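Structure record follows, encoded as structure tokens.
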Amino acid sequence: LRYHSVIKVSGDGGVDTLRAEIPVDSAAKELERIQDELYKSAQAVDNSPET
Amino acid sequence: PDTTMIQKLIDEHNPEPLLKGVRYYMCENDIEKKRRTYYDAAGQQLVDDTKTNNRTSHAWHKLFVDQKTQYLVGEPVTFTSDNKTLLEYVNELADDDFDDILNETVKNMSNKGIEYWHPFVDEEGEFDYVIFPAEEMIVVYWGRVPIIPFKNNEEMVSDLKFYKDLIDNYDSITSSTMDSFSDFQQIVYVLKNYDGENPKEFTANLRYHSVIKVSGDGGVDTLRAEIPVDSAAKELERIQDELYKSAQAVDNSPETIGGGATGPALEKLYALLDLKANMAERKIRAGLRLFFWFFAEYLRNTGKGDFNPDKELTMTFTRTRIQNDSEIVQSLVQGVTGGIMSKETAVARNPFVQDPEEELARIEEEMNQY
Amino acid sequence: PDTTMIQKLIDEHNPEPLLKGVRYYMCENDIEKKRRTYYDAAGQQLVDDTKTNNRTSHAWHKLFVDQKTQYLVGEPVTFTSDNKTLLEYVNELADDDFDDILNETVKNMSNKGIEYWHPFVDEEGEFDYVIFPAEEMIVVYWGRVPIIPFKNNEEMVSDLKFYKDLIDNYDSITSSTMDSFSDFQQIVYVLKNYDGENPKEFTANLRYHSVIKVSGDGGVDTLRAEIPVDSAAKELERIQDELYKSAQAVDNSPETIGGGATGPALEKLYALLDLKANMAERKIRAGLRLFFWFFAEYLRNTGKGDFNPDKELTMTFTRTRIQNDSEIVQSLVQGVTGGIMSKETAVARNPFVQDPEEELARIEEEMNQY
Ligand SMILES: [Ca+2]
Ligand SMILES: [Ca+2]
Ligand SMILES: [Hg+2]
Ligand SMILES: [Hg+2]
């Protein structure tokens, strides 16, 4: 596999791959609220630009 | 003094904390240590020549430091006193080569966390000053000790200290994604119930003819790398915004929102860097006052007069700040017309004016003609 | 001096660090070394004539360097002093060929990290100066040493240093994507339970007739390359934006957003470059002052007078900056009408005025007629 492109399989088998799921969306969604609270809880000013 | 304690001080000294910021300013980030590994027979961790090992280090820190330096010291420092002889000597010393050095000092103090520079009398007998790289200096506590500290913070850490986590993350992600782009090229074939007995036949038969021969009920599946561009891009965006925050910098990327032109909108934009500039000024002035104390000592002893800088001399920093000159001019014209303002104050506050003295004088001579 | 030390110095010298920026300026990027390899019988890594090996190398660096050069030095440098004899001699020396060389110096100091140039008296006895390529020079430390350093930074690295990682990544992606487009053409067939016994029959039967014959319960699957245009495009986007930041450049692609016209919107656009220009100016001036010291030495000894450039002569750099001339003219008009401004200052601030002296006079002589 590391020196040629090949994995050889017989029978009726095969190769499945397992890859990590990256939770970017849920995380970004949560991180958004926390950031808003952060500024409140801390009594701070957010001078990000106003949409 | 002792020669043995010297060796202890040298061998106990380490420049790795102070060089940290310098290495990042040069795009030598910890990510350059990234290597793509794998495990041998009996689990011996080993780099593998098979795969490209991209390691992208970002110039964020160099950007932020430069921005800070130029903001505080880009425009040369101005000096004012009532003692004119002193004023002359100070100006003679400090208004051209001084500027270019103070610039190198602020960048240096931001990379190292501290910058020392040393005053000394030239072989020609004149006063001189040279930068004394803090990563070569060792300190434990003319009359006073003969070196001048410029402190970046109280903590004398590099600016990098408060956002190095983010730059590293940013780098980690980018390079990961880069590897994915590289790996996407190298297709992996899964050969189910393969027809040929010979291994040679495959690699030649695919590479030189379009064909892969398969019998039984099998076939050929391909495994291609997935490239996480989307998720990477989504996260990177946040890290990018936080980076500016964490570093107290200004982002003059263009504003999607159609407001960014107005006075407040601009003031808000610079808010954080203005925060970071003020500290750094306080800390810069501290160092510089001490610098002029030494110059005063030199003048006392060289017989050119006895002076008190700390009470006679005043320093003026200038800030390169984006304004809405169109808005201001109008506010000012309204102000004066309204009569809530003197033309004097107005002319000095006018963005198209460099020296209020000359212009106030120019406007009067105009009137005395017309 | 010693001839053996000479050899050491030469053999220990390496130009690769200094030629780096010159190679990228000429679009010989590291990507030109990319080659499409594969593995032999006993794992011998080998280039493979089968596949096209696109390696596209991007002119990004040359663009930025060109932009910096022109911004600083595109307009010729102006000199002022009260000593008119000196002023004459300086102008005679430095206002046409000197412009064209100083341009080539800035470009060079940004590719190499430094540029040296050597002053020398001509065979005709006149003062002369030639560029002394820094990659041919070796330095360890008239009266002073006889060569003039133009430093790019303090670190005397090329500008490429702070964004080479990105350029490379940009090249890497584009080329990979090109390979994908190339590979897409060559369709690979997977032949399940193939009908023909003859291998010849297939390649001709497909090539000359539309047909592939299959028996059993098999068939023909095709394997086509995937082209990662989308993901690539998305990453390439970010890199490009970063590229402009990391390099402290101006990007005047047209603004999707309808703000870009205003004063502050344009100021923001040049913000980073204005940063980069200010350092570079300081560093250029430093080299140039020393150049006029040598010219002064020549003048002292040639019997054309003794001068002090460092204190008598003043230099003026000009910057080609995009403005909103329509907006400025209004604000100025408003300022003068309002009374917060002298017509003098205003005339000098007017974007349609080259020489304030001539125009302030022209306006007077207009009035004395009207
Ligand atoms: Ca790298
Ligand atoms: Ca090429
Ligand atoms: Hg952090
Ligand atoms: Hg970089």
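Values quoted throughout were computed directly from the atomic coordinates according to the rules given, and no laboratory measurement underlies them. When we count neighbours, we look across all protein chains shown, and the Cβ atoms used for this are built from the backbone with ideal geometry, even at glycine.
Of all the residues in segment C:100-143, those that are loosely packed, with under 10 Cβ neighbours inside 10 Å and either closer than 24 Å to C:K164 by Cα or charged (D, E, K, R) (or both) number 3. Across segment B:221-250, the number of residues qualifying as assigned to a loop (DSSP other than H, G, I, E, B), of a type in the set (A, V, I, L, M, F, W, C) and within 30 Å of A:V9 (Cβ to Cβ) comes to 2.
Do we have any residue at all in segment B:79-87 that's closer than 26 Å to C:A277 by Cβ and either in a helix (DSSP H, G or I) or not hydroxyl-bearing (S, T, Y) (or both)?
yes
Would you check if there is a residue in segment B:81-101 being under 17 Å from the mean Cα position of the chain (by Cα) and away from ligand 4 (no atom under 16 Å from the Cβ)?
Within segment B:81-101, the subset under 17 Å from the mean Cα position of the chain (by Cα) is B:100-101.
Cutting the leftovers down to away from ligand 4 (no atom under 16 Å from the Cβ) gives us B:100-101.
Looking for residues that are under 17 Å from the mean Cα position of the chain (by Cα) and away from ligand 4 (no atom under 16 Å from the Cβ), one finds at least one in segment B:81-101, hence yes.
Among (1) under 30 Å from C:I173 (Cα atoms); (2) within 13 Å of chain C (Cβ to nearest Cβ), which single condition is B:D241 missing? B:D241 satisfies all of (1) under 30 Å from C:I173 (Cα atoms); (2) within 13 Å of chain C (Cβ to nearest Cβ) except (2).
Scan segment B:158-188 residue by residue and report those that are of a type in the set (A, V, I, L, M, F, W, C) and outside any helix (DSSP H, G or I). Before you say what the answer is, go through the steps one by one.
Applying the first criterion (of a type in the set (A, V, I, L, M, F, W, C)) to segment B:158-188 yields B:160, B:162, B:166-167, B:173, B:178, B:181, B:184, B:187-188.
Correct list: B:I187, B:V188.
Residues of segment B:219-235 that are under 27 Å from C:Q248 (Cβ atoms), at the interface with chain C (Cβ under 9 Å from one of its Cβ atoms) and surrounded by 18 or more Cβ atoms within 10 Å (Cβ to Cβ): B:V229, B:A232. The numbered conditions (1) touching a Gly at 6+ places or on another chain (Cβ under 7 Å); (2) part of a loop (DSSP other than H, G, I, E, B) are all true for B:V145 except (1).
Among the candidates C:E115, C:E104, the residue that is assigned to a strand (DSSP E or B), closer than 22 Å to C:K276 by Cβ and away from ligand 4 (no atom under 16 Å from the Cβ) is uniquely C:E115. Scanning segment B:244-277 for residues that are within 7 Å of another protein chain (Cβ to nearest Cβ) and surrounded by 17 or more Cβ atoms within 10 Å (Cβ to Cβ) gives B:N252, B:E255, B:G260, B:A261, B:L266, B:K268.
Here B:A277 fulfils each of the conditions (1) touching a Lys or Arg at 6+ places or on another chain (Cβ under 8 Å); (2) over 30 Å from C:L273 (Cβ atoms); (3) part of a helix (DSSP H, G or I) apart from (2). For segment C:51-67, taking the residues that are within 14 Å of another protein chain (Cβ to nearest Cβ) and among the basic types (K, R), the one that is farthest from ligand 3 (Cβ to nearest atom) is identified as C:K51. Is it the case, given these coordinates, that B:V65 is within 16 Å of ligand 4 (Cβ to nearest atom), of a type in the set (V, I, T) and either in contact with a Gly (Cβ under 7 Å, 6 or more places away or on another chain) or more than 19 Å from B:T177 (Cα to Cα) (or both)? The answer is yes for B:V65. Any residue in segment C:66-79 that is farther than 30 Å from C:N111 by Cβ, surrounded by fewer than 16 Cβ atoms within 10 Å (Cβ to Cβ) and either within 16 Å of ligand 1 (Cβ to nearest atom) or under 33 Å from the mean Cα position of the chain (by Cα) (or both)? Checking segment C:66-79: not a single residue is farther than 30 Å from C:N111 by Cβ, surrounded by fewer than 16 Cβ atoms within 10 Å (Cβ to Cβ) and either within 16 Å of ligand 1 (Cβ to nearest atom) or under 33 Å from the mean Cα position of the chain (by Cα) (or both). Tell me, please, whether a residue that is within 16 Å of ligand 1 (Cβ to nearest atom), of a type in the set (F, W, Y), on the phi < 0 side of the Ramachandran plot and more than 7 Å from chain C (Cβ to nearest Cβ) can be found in segment B:191-199. For segment B:191-199, residues within 16 Å of ligand 1 (Cβ to nearest atom), of a type in the set (F, W, Y), on the phi < 0 side of the Ramachandran plot and more than 7 Å from chain C (Cβ to nearest Cβ): absent.
A quick yes/no check of all residues on (1) part of a helix (DSSP H, G or I); (2) more than 14 Å from every other protein chain (Cβ to nearest Cβ); (3) within 16 Å of ligand 3 (Cβ to nearest atom):
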| site | (1), (2), (3) |
| --- | --- |
| C:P1 | no, yes, no |
| C:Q7 | yes, yes, no |
| C:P17 | yes, no, no |
| C:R23 | yes, yes, no |
| C:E28 | no, yes, no |
| C:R35 | no, no, no |
| C:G43 | no, no, no |
| C:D49 | no, no, no |
